[PDB]
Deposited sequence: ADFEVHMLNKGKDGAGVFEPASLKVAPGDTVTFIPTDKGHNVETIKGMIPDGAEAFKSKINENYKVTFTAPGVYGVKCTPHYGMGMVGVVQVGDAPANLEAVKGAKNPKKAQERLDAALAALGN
C-alpha cells in the first residue's frame, strides 16, 4: 500500500507525524510547502534499514521493508522540532535504541509524542 506524508507550514510539520505501515508499504514524502525535506535520524532506524535523505523540495518515495520504528527529520528544521515517526509492523524491536537517541529538545518532545501515539 501507498501512503503520503506531507511537509507543511503551520519550520513546519510532517502530516501525519506518526504513521504505521506494513513491511512492503511505500511512503511518499511530499513537500507541499517550500524549504523541507526528509532524512532519517542517526540511531533511529532499525537493523536492516538503509539511511536516506531527500533533496529539499523533492517528492521522495521510500519502500519500507525492515520492521521497527523510524525516526525522521526535516534536515534544516530538525532543531525546531520538525520530525516524524514511521513504524513498520506491530511490535518494534528497536524501541530501546530509538528512545536512547539524542535529539534536540523540541525534536525529542515531538518524537516522544509520535512514539506514544503509535502505542510505544
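Next item on the list: Quickly check which stretches of the deposited sequence aren't in the model, judged by C-alpha, and list them in order.
Entry: According to the deposited record, C-alpha coordinates are absent only for 11-14, which is the whole missing part.
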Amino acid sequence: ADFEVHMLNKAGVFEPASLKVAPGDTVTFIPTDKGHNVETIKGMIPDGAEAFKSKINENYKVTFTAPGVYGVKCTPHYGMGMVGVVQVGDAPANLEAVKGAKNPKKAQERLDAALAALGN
From here on, numbers count along this sequence of modelled residues.
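Margin query: Regarding 106-114 and 13-21, which shows the higher C-alpha temperature factor on average in the entry?
Written below: Averaging CA B-factors over each stretch, the winner is 106-114.
Checklist line | Higher-B stretch (mean Cα B-factor, as the entry records it), 27-35 or 91-99 | finding: Stretch with the higher mean C-alpha B-factor: 91-99.
Next item on the list: Could you look up the Cα B-factor of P76 in the entry and say which third of the chain it sits in: lowest, middle or highest?
Entry: CA B-factor rank for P76: middle third.
Next item on the list: Just say lowest, middle or highest third for the CA B-factor of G68 relative to the other modelled residues in its chain.
Entry: CA B-factor rank for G68: middle third.
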